[PDB]
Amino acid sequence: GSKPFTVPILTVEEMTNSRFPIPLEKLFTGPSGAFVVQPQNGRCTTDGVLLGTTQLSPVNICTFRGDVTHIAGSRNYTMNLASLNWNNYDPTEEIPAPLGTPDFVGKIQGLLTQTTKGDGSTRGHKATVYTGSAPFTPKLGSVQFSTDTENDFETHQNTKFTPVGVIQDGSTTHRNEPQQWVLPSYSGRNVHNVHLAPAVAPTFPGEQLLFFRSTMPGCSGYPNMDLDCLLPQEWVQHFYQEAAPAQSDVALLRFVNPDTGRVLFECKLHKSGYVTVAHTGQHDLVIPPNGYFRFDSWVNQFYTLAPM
C-alpha cells in the first residue's frame, strides 16, 4: 500500500542544476574515493525530505538577502542576513546555514541590488562574495561582499545578492578555484559545521557516482567552472510533492532512448538522494537529446548493475 515512486520525464537538458541557478548540460561520472562528496544544496530523499541547506526554488540557489553596512576605506559591505523570506534570521534553526547558501568554496560574482522603501529608488552594483574568506559566516548571520562602490548603498534597506558566475586569481595556477567539493566554514574557520546532509559514496565495487553537470559562467581569470549536483532541482521539487515511500534502499532506473526504443544504461537512485552507475574512470556521458530516466523497480545496495 505504498504510493508509486516516479521520477520526472524531463530530459537532462530540460532541467536545472540544484547547486547554482543554471541549466544542466550533461551527465558525468568519475571516481571520488579520494575525497568527501558532501554538497548541501540539491539534497533530498526520494520520499521528499529536504536536507542540508536545500530549498525548493531554482533561482534562490546561492542568493543572499538582508541589509548592508559599509566598511570604511574600502568597497566592501557587510550583509546582515535575513531569512529566505526576508524575515528575521534565526541562527538556532537546525540547518548548516540559511537555505540556499552556497555549498562550495569559491569567489561568486553577481549583482547586489537594493530598493529604498520610502520612494522606491533603486541601485545595483557588481559584487563578489568569497565563501572561503574569514568573514563568510552565514550561519552566524553575516557575510561580506566586495563591490564596485564605496558610498552608493544605503543602510537598513532590503538588499539582494543575485549570483551569475565565478572568478579566479589569474596570477595563480589556472583552474585552482572554485573548489566545488570543499564546504565553506559556515560559522567561520574555528567553528565546525552542523546539521549537514551526509557525505555520499558508492559502496559497490566498480561503481561511481553519476553527476548532473553544468558549466558555471566565468567572470574573471581562469576558474574551474565545472559544477556537479547529485539531483536535478526538478527532482527535488518532484520528490518533495510526491513524497512516495521508499520501499527499499535503492530505486533501479533505466535511461531510455525513445528514438530507438532501447535502454542506454541502468543506474541506482539511492533513497538518501544520489545516483550511481557501473563504470570506472572519468567519462562525459553521450546521450540522445530525447533520452529520459524511468523508474522500473525497487532493488537494494547488493544489486549488480549492467556496465554503463
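Throughout, we count residues from 1 along the sequence that is shown. Each form is matched to the other, and the largest set of C-alpha atoms that superpose within 1.5 Å is called the rigid core.
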### Query
Hey, after superposing on the core, which one moves around more in 5 other deposited structures of this protein, 192-200 or 83-91, CA-wise?
83-91
### Comparing 17-25 and 294-302 where Cα RMS over structures and residues is taken in 5 other deposited structures of this protein (core fit), larger one
294-302
### Message
If you take the mean CA temperature factor per stretch, which one wins between 254-262 and 45-53?
### Response
254-262
### Query
On average, are the C-alpha B-factors higher in 82-90 or in 135-143?
82-90
### Task
Could you tell me which one of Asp148, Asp103, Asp226, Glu177 shows the highest CA temperature factor in the PDB record?
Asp148
#### Entry: Deposited CA B-factor, highest of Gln40, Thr63, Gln247, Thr29
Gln247
### Task
Could you say whether, by C-alpha temperature factor, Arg75 belongs to the lowest, middle or highest third of its chain?
highest
### Third of the chain, ranked by Cα B-factor, where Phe20 sits
lowest
### Task
Grab the CA temperature factor for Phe204 from the record and place it in the lowest, middle or highest third of its chain.
highest
### Query
Would the CA B-factor of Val286 place it in the lowest, middle or highest third of its chain?
highest
### Cα B factor band for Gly33 (lowest, middle or highest third within the chain)
highest
